[PDB]
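Novice: Okay, here's the structure, questions in a sec.
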Amino acid sequence: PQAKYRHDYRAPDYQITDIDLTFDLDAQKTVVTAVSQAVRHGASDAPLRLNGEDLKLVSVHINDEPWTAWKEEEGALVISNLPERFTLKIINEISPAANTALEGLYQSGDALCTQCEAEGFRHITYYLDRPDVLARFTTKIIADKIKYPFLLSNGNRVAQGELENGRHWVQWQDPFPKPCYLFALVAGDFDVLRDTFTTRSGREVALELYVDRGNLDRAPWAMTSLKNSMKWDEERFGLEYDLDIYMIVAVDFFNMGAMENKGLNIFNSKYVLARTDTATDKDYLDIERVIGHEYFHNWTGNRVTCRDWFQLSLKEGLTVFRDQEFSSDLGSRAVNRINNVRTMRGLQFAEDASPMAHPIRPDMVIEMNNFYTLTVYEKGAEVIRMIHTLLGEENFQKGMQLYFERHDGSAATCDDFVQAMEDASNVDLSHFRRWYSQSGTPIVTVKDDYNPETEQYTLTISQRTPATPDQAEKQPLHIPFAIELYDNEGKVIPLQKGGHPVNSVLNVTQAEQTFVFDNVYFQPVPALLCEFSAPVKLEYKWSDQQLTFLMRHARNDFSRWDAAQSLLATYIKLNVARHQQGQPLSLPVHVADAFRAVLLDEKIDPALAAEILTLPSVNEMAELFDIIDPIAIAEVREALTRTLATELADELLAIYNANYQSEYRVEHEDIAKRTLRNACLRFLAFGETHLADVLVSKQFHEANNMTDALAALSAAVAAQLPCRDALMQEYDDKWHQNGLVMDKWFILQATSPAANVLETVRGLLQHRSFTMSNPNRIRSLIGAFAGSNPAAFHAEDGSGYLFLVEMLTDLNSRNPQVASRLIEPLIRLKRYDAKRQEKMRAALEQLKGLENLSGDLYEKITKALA
Ligand SMILES: NC(=[NH2+])NCCC[C@H](N)C(=O)O
Ligand code: NA
Ligand code: NA
Ligand SMILES: [Zn+2]
């Protein structure tokens with residue numbers, strides 16, 4: 001498979017302006033007729049090169065003339081000797097039922113549906129399958145009326161008809177030019193939730209959510225979130241929906257999360273379907289996020305699209321930033337920022353240290369589906385948020401307005417967006433652009449000095465980014481570095497120098513620099529990198545008392561949580577070293593007292609308390625170490641939980657009881673109290689056994705919602721409580737017919753600390769609720785084992801690696817995108833000890849030798865083995 005490079009971008013030799021599609025739909029054999037109006041922009045002797053994959057070509061006409069000047073090559077139809085303007089007609093066949101990869105036109109249960117991003121439209125017809133080619137689409141769909149009573153494509157219905165032999169047809173027209181990755185088609189039988197939204201300016205939009213028959217009871221929250229998203233985009237960004245109808249289709253078979261096809265979003269059902277007995281608080285908030293996300297793409301992705309796929313973060317970074325701002329505005333900003341920071345430090349930093357490291361705008365891609373990454377999305381959003389930090393809200397919105405004014409109706413680049421922000425705000429972002437082209441996490445080192453004679457506080461800040469596998473050369477970045485200084489009473493000391501205020505966002509642009517502040521009337525406790533103001537590792541020599549002081553006094557709730565994380569990091573590192581020596585947990589009394597104080601603080605927001613009382617995950621803990629010892633980390637996390645459970649037992653029980661709620665509400669105050677109560681339950685589960693067992697069993701049985709039932713079930717599994725097997729069997733007996741609910745249970749099985757977890761996981765491949773045909777099931781069992789049970793995945797006998805090899809040998813052929821998600825834990829081998837590295841390397845070498853190795857796996861395996 002061949003790598004493509006960003007620097008090789010060239011404008012296309014041909015454009016297509018209009019395409020008229022006809023689908024004669026059938027699961028075994030679909031006939032596609034595509035009539036394209038094309039224009040040659042290049043040299044009269046340049047051929048038209050159409051992308052196409054697994055298509056059976058029936059005919060090629062140019063202006064109704066059967067065409068003889070063409071050839072098929074690997075992945076292409078190359079058409080020669082064309083006039084400057086012409087009509088291209090292609091007829092071809094495809095086979096939706098054979099499409100197990102779920103890219104192009106495929107089958108999801110009884111439905112037919114599409115996934116075209118990034119390069120799936122070439123699996124439907126021969127096309128200029130590249131996002132700088134925008135065209136106006138019409139789509140005629142002909143199908144069996146009984147099997148496919150709903151026939152949907154982008155835009156508005158403009159025609160419809162009945163045919164003989166029980167067939168019917170519908171034709172759709174979308175007035176906005178689009179790249180073909182935004183094309184969608186859906187055919188099937190559905191329940192439809194219908195509602196309306198009236199925009200600020202008075203446009204009435206029909207909202208339609210299509211769900212499998214029988215699921216209308218699980219649709220209203222997604223509909224509510226859609227209306228919430230539309231309203232928010234109006235209030236916050238001044239953006240209105242631009243069509244007459246908004247369709248969402250929930251499908252059970254879907255590779256990723258959801259897809260922003262214009263006017264016809266297609267969603268993994270996990271991000272649509274929710275009822276209080278099936279879905280947790282986190283499911284409701286994820287539905288809200290993803291619904292908003294795809295909606296936000298209407299402007300940031302659709303009205304302005306991507307010139308080429310190396311510009312992916314132009315839409316994904318910006319849209320993730322928007323979904324975070326949406327969630328943060330509607331809910332707890334602090335909890336959102338905290339959770340997004342966990343994801344950055346715990347998952348994205350790991351990617352930026354891995355063989356798959358890339359800048360947010362990549363330079364080299366073999367398989368573009370490999371670049372839908374934590375980096376492109378989450379780090380891309382941190383880069384957008386840094387622009388917001390540098391510019392302020394008002395200048396940021398002016399930049400947004402200039403971006404749309406310049407680029408509406410076109411395909412743009414990351415550079416175009418930065419340029420708009422810079423021009424609108426008059427903030428110079430020339431140095432800042434390096435964030436787009438440089439991979440790896442910067443390390444920011446801070447030294448400080450207080451001078452009592454001059455009342456001056458001096459910060460010496462240095463930065464470096466270590467070399468990554470993809471880039472030998474690194475340079476200093478423009479790092480917005482937000483600080484606060486606290487006096488002995490917990491009050492903020494005004495920042496100033498030479499009689500003038502100083503902005504609290506420091507511009508750290510050099511390898512090393514010194515910031516001096518005057519009138520610093522007391523030796524400060526600093527809050528550094530406030531609200532995680534740049535996506536960097538902070539090296540500062542904190543004392544425990546500085547951190548507990550910030551926990552108590554810091555102005556922003558995020559800083560209080562972050563201080564608790566820095567406090568814990570020291571002791572996680574200590575205790576992992578001790579575990580390796582065979583020693584038990586050591587924890588100063590004053591550290592345990594810090595957490596007791598949070599439990600007993602009556603003024604603290606319970607949402608904040610809950611996060612401080614949620615220990616860093618084994619993934620967040622892993623990024624504290626150069627060499628990861630996954631067994632030590634898992635055992636230390638447990639022991640730290642047991643120690644705090646013992647030390648805080650009475651307080652934990654009191655707070656658990658105090659936060660009891662009889663009514664279930666998906667409302668932020670209620671969610672916060674419930675999150676705190678279940679955080680207390682998790683510690684209690686690891687306390688005295690009989691009490692743990694009674695508490696956990698009682699909560700499982702008395703829960704009037706899935707959040708509380710699952711929190712109890714999960715604690716029963718984590719703490720290996722007596723009641724575990726019973727509750728697990730009850731849940732299976734109740735829920736086996738519901739795949740999305742069973743995904744929770746498969747995750748609990750996959751992440752079990754039990755000695756025999758791999759044996760149980762292998763057996764579950766035969767479970768009534770599991771199937772290798774379904775990406776959600778695969779990810780919930782196998783993915784959760786490899787990715788979220790690193791202790792068992794990295795069992796010293798190499799059994800975890802061998803299991804994953806077996807699964808990937810199947811999935812390489814069945815669904816390479818899902819296989820490529822699942823290989824990720826194996827490509828981290830250089831983070832592990834030599835003995836584990838040699839086994840993981842052997843596993844990778846075995847996969848490399850697969851007959852018909854997918855480009856998806858090839859790209860990752862070769863980087864990992866280099
Ligand atoms: N199979 C894929 N590569 N899917 C990518 C679709 C992601 C979609 N644009 C989103 O932001 O959610
Ligand atoms: Na808020
Ligand atoms: Na110092
Ligand atoms: Zn997106």
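Ordering of the structure tokens sets the chain letters (A, B, ...); residue numbers start at 1 within each chain; ligands are numbered from 1 in the order shown.
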Could you list, as a count of residues only, all the residues within 12 Å of ligand 4, counting only C-alpha atoms and all ligand atoms?

Specialist: 47

Novice: What residues of the protein or nucleic acid chains come within 12 Å of ligand 2 when you use only C-alpha atoms and all ligand atoms? Reply as a PyMOL selection string.

Specialist: chain A and resi 324-337+607+667-669

Novice: Could those selected residues go to a file with C-alpha atoms, as a short mmCIF file (atom, residue, chain, number, x, y, z; two decimals), in the first residue's frame?

Specialist:
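The result, written out as result.cif:
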data_model
loop_
_atom_site.label_atom_id
_atom_site.label_comp_id
_atom_site.auth_asym_id
_atom_site.auth_seq_id
_atom_site.Cartn_x
_atom_site.Cartn_y
_atom_site.Cartn_z
CA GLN A 324 -17.23 20.68 24.32
CA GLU A 325 -18.40 24.33 24.52
CA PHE A 326 -22.03 23.12 24.06
CA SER A 327 -21.72 20.48 26.81
CA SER A 328 -19.87 22.92 29.08
CA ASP A 329 -22.44 25.71 28.56
CA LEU A 330 -25.44 23.41 29.20
CA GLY A 331 -23.87 21.42 32.06
CA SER A 332 -20.95 21.78 34.45
CA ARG A 333 -18.07 23.55 32.69
CA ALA A 334 -15.61 22.23 35.37
CA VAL A 335 -16.67 18.57 34.97
CA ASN A 336 -16.43 18.84 31.17
CA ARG A 337 -12.97 20.41 31.30
CA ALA A 607 -19.75 17.61 40.84
CA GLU A 667 -30.51 17.24 35.24
CA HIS A 668 -27.03 18.51 36.09
CA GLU A 669 -27.50 18.96 39.89
#

Novice: Rounded to one decimal place, report the CA of residue 814 in chain A-CA of residue 826 in chain A distance in Å.

Specialist: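 Here the two named atoms are 19.4 Å from each other.
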
Novice: Which neighbours of range 692-699 of chain A fall inside 8 Å, counting only C-alpha atoms, when residues of the same chain fewer than 3 positions from it are skipped, and could you give them as JSON, numbers by chain?

Specialist: {"A": [681, 684, 685, 686, 687, 688, 689, 702, 703, 708, 709, 712, 713, 715, 716, 721, 722, 723, 727]}

Novice: Where in range 173-329 of chain A does DSSP assign alpha helix (DSSP H), given as a PyMOL selection string?

Specialist: chain A and resi 220-232+281-296+312-329

Novice: Selected residues, N, CA and C atoms, written as a tab-separated table (two decimals), in the first residue's frame, please.

Specialist:
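part.tsv written:
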chain	number	residue	atom	x	y	z
A	220	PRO	N	-36.84	10.17	22.37
A	220	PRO	CA	-37.01	11.58	22.75
A	220	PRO	C	-35.80	12.35	23.28
A	221	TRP	N	-34.92	11.71	24.04
A	221	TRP	CA	-33.74	12.43	24.54
A	221	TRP	C	-32.84	12.91	23.37
A	222	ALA	N	-32.64	12.07	22.36
A	222	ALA	CA	-31.85	12.46	21.19
A	222	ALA	C	-32.51	13.63	20.46
A	223	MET	N	-33.85	13.59	20.33
A	223	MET	CA	-34.63	14.69	19.70
A	223	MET	C	-34.51	16.00	20.51
A	224	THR	N	-34.63	15.87	21.82
A	224	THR	CA	-34.44	16.99	22.74
A	224	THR	C	-33.02	17.60	22.57
A	225	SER	N	-32.01	16.74	22.48
A	225	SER	CA	-30.62	17.20	22.33
A	225	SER	C	-30.39	17.89	21.01
A	226	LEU	N	-31.08	17.40	19.96
A	226	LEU	CA	-30.98	18.02	18.64
A	226	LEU	C	-31.51	19.46	18.72
A	227	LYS	N	-32.73	19.62	19.23
A	227	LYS	CA	-33.29	20.95	19.45
A	227	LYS	C	-32.37	21.80	20.36
A	228	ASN	N	-31.86	21.22	21.46
A	228	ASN	CA	-30.87	21.94	22.28
A	228	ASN	C	-29.63	22.41	21.51
A	229	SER	N	-29.11	21.55	20.62
A	229	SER	CA	-27.94	21.88	19.79
A	229	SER	C	-28.23	23.04	18.82
A	230	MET	N	-29.42	23.02	18.22
A	230	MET	CA	-29.82	24.02	17.24
A	230	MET	C	-29.93	25.39	17.90
A	231	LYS	N	-30.56	25.41	19.06
A	231	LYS	CA	-30.71	26.61	19.86
A	231	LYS	C	-29.36	27.16	20.33
A	232	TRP	N	-28.50	26.27	20.81
A	232	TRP	CA	-27.19	26.68	21.29
A	232	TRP	C	-26.32	27.26	20.17
A	281	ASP	N	-26.33	8.05	33.11
A	281	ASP	CA	-26.07	9.48	33.01
A	281	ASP	C	-25.01	9.76	31.94
A	282	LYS	N	-23.93	8.99	31.94
A	282	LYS	CA	-22.87	9.19	30.94
A	282	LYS	C	-23.40	8.90	29.50
A	283	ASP	N	-24.28	7.91	29.33
A	283	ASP	CA	-24.92	7.68	28.02
A	283	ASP	C	-25.75	8.89	27.57
A	284	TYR	N	-26.55	9.46	28.49
A	284	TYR	CA	-27.35	10.65	28.15
A	284	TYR	C	-26.43	11.81	27.72
A	285	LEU	N	-25.36	12.05	28.48
A	285	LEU	CA	-24.42	13.14	28.17
A	285	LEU	C	-23.60	12.89	26.90
A	286	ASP	N	-23.29	11.62	26.61
A	286	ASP	CA	-22.65	11.24	25.32
A	286	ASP	C	-23.61	11.42	24.14
A	287	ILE	N	-24.88	11.04	24.32
A	287	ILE	CA	-25.87	11.30	23.28
A	287	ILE	C	-25.95	12.80	23.00
A	288	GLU	N	-26.01	13.61	24.06
A	288	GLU	CA	-26.06	15.04	23.90
A	288	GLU	C	-24.82	15.56	23.14
A	289	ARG	N	-23.63	15.09	23.54
A	289	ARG	CA	-22.38	15.48	22.88
A	289	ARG	C	-22.37	15.19	21.37
A	290	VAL	N	-22.72	13.96	21.03
A	290	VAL	CA	-22.57	13.43	19.65
A	290	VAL	C	-23.65	13.99	18.76
A	291	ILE	N	-24.88	14.05	19.28
A	291	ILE	CA	-25.95	14.77	18.58
A	291	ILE	C	-25.49	16.20	18.26
A	292	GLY	N	-24.98	16.92	19.26
A	292	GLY	CA	-24.51	18.28	19.04
A	292	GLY	C	-23.37	18.30	18.04
A	293	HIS	N	-22.36	17.46	18.27
A	293	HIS	CA	-21.23	17.31	17.34
A	293	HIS	C	-21.62	17.25	15.86
A	294	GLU	N	-22.45	16.28	15.47
A	294	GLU	CA	-22.84	16.12	14.05
A	294	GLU	C	-23.63	17.34	13.58
A	295	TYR	N	-24.46	17.90	14.48
A	295	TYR	CA	-25.20	19.11	14.15
A	295	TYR	C	-24.22	20.27	13.88
A	296	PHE	N	-23.21	20.45	14.74
A	296	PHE	CA	-22.22	21.54	14.61
A	296	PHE	C	-21.43	21.47	13.31
A	312	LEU	N	-8.23	17.29	7.84
A	312	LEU	CA	-9.31	16.73	8.67
A	312	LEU	C	-9.60	17.52	9.97
A	313	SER	N	-8.55	17.88	10.72
A	313	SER	CA	-8.72	18.64	11.96
A	313	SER	C	-9.40	20.01	11.75
A	314	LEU	N	-9.28	20.61	10.56
A	314	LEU	CA	-10.05	21.83	10.24
A	314	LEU	C	-11.52	21.69	10.66
A	315	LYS	N	-12.11	20.54	10.35
A	315	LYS	CA	-13.47	20.31	10.78
A	315	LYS	C	-13.57	19.58	12.13
A	316	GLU	N	-12.68	18.61	12.38
A	316	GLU	CA	-12.84	17.78	13.60
A	316	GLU	C	-12.37	18.49	14.87
A	317	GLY	N	-11.24	19.18	14.81
A	317	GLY	CA	-10.76	19.96	15.97
A	317	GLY	C	-11.77	21.04	16.34
A	318	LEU	N	-12.22	21.78	15.33
A	318	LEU	CA	-13.16	22.85	15.51
A	318	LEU	C	-14.52	22.33	16.00
A	319	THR	N	-14.98	21.20	15.46
A	319	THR	CA	-16.31	20.65	15.86
A	319	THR	C	-16.27	20.00	17.26
A	320	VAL	N	-15.18	19.32	17.59
A	320	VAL	CA	-14.97	18.82	18.98
A	320	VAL	C	-14.96	20.02	19.95
A	321	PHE	N	-14.23	21.09	19.62
A	321	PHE	CA	-14.26	22.29	20.43
A	321	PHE	C	-15.68	22.81	20.63
A	322	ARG	N	-16.45	22.86	19.55
A	322	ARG	CA	-17.86	23.24	19.65
A	322	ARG	C	-18.71	22.29	20.50
A	323	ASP	N	-18.60	20.97	20.31
A	323	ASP	CA	-19.34	20.06	21.19
A	323	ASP	C	-18.95	20.16	22.67
A	324	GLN	N	-17.67	20.46	22.96
A	324	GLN	CA	-17.23	20.68	24.32
A	324	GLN	C	-17.81	21.97	24.92
A	325	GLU	N	-17.83	23.02	24.12
A	325	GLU	CA	-18.40	24.33	24.52
A	325	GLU	C	-19.93	24.22	24.78
A	326	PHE	N	-20.61	23.45	23.93
A	326	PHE	CA	-22.03	23.12	24.06
A	326	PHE	C	-22.28	22.38	25.38
A	327	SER	N	-21.59	21.25	25.57
A	327	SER	CA	-21.72	20.48	26.81
A	327	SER	C	-21.41	21.30	28.05
A	328	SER	N	-20.29	22.04	27.98
A	328	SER	CA	-19.87	22.92	29.08
A	328	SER	C	-20.87	24.04	29.38
A	329	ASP	N	-21.43	24.66	28.35
A	329	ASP	CA	-22.44	25.71	28.56
A	329	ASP	C	-23.69	25.12	29.21

Novice: Could you work out how far CA of residue 133 in chain A lies from CA of residue 43 in chain A, giving the answer in Å with one decimal?

Specialist: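 These atoms are spaced 17.7 Å apart.
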
Novice: Return as a list in words every polymer residue, whether protein, DNA or RNA, with at least one atom no more than 9 Å from an atom of ligand 3; count only C-alpha atoms and all ligand atoms.

Specialist: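 Going residue by residue within 9 Å of ligand 3, we get residues 446, 447, 448, 449, 450, 458, 459 and 541 of chain A.
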
Novice: Please identify all polymer residues within 8 Å of residue 477 in chain A, counting only C-alpha atoms, omitting same-chain residues fewer than 6 positions from it, and present them as a list in words.

Specialist: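 Within the cut-off, the hits are residues 431, 432, 434, 435, 508, 509 and 510 of chain A.
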
Novice: Using only N, CA and C atoms, please write the residues we just selected to a file, as an mmCIF file, in the first residue's frame.

Specialist:
data_model
loop_
_atom_site.group_PDB
_atom_site.id
_atom_site.type_symbol
_atom_site.label_atom_id
_atom_site.label_comp_id
_atom_site.auth_asym_id
_atom_site.auth_seq_id
_atom_site.Cartn_x
_atom_site.Cartn_y
_atom_site.Cartn_z
ATOM 1 N N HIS A 431 3.700 32.110 14.466
ATOM 2 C CA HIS A 431 4.406 31.102 15.273
ATOM 3 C C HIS A 431 3.425 30.010 15.716
ATOM 4 N N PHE A 432 2.245 30.439 16.142
ATOM 5 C CA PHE A 432 1.212 29.504 16.586
ATOM 6 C C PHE A 432 0.943 28.362 15.597
ATOM 7 N N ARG A 434 2.762 26.469 14.049
ATOM 8 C CA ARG A 434 3.607 25.291 14.289
ATOM 9 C C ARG A 434 2.866 24.177 15.043
ATOM 10 N N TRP A 435 1.836 24.526 15.826
ATOM 11 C CA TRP A 435 0.992 23.492 16.463
ATOM 12 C C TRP A 435 0.337 22.541 15.439
ATOM 13 N N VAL A 508 4.566 31.894 26.138
ATOM 14 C CA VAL A 508 5.801 31.146 26.277
ATOM 15 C C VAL A 508 6.157 30.740 24.849
ATOM 16 N N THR A 509 7.052 31.508 24.222
ATOM 17 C CA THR A 509 7.414 31.299 22.809
ATOM 18 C C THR A 509 8.843 30.786 22.566
ATOM 19 N N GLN A 510 9.684 30.821 23.609
ATOM 20 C CA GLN A 510 11.107 30.473 23.503
ATOM 21 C C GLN A 510 11.418 29.138 24.167
#

Novice: For each of A:395, A:27, A:451, A:528, take the minimum atom-to-atom distance to residue 148 in chain A, counting only C-alpha atoms, then give the residue where this is smallest.

Specialist: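 Among the listed residues, A:27 lies closest to residue 148 in chain A.
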
Novice: For ligand 1, which of A:214, A:155, A:816, A:149 is the closest residue, counting only C-alpha atoms and all ligand atoms?

Specialist: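 So, comparing all the options, the nearest one is A:816.
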
Novice: What does the distance from CA of residue 207 in chain A to CA of residue 277 in chain A come to in Å, to one decimal?

Specialist: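 If I compute the distance from CA of residue 207 in chain A to CA of residue 277 in chain A, I get 25.6 Å.
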
Novice: Could you list, as JSON, numbers by chain, every residue within 8 Å of residue 409 in chain A, counting only C-alpha atoms and ignoring same-chain residues fewer than 6 positions away?

Specialist: {"A": [176, 177, 303, 304, 305]}

Novice: What's around residue 353 in chain A at 10 Å? Count only C-alpha atoms, leave out sequence neighbours fewer than 6 positions away in its own chain, and write the answer as a PyMOL selection string.

Specialist: chain A and resi 439-441+466-469+623+626+828+830-831
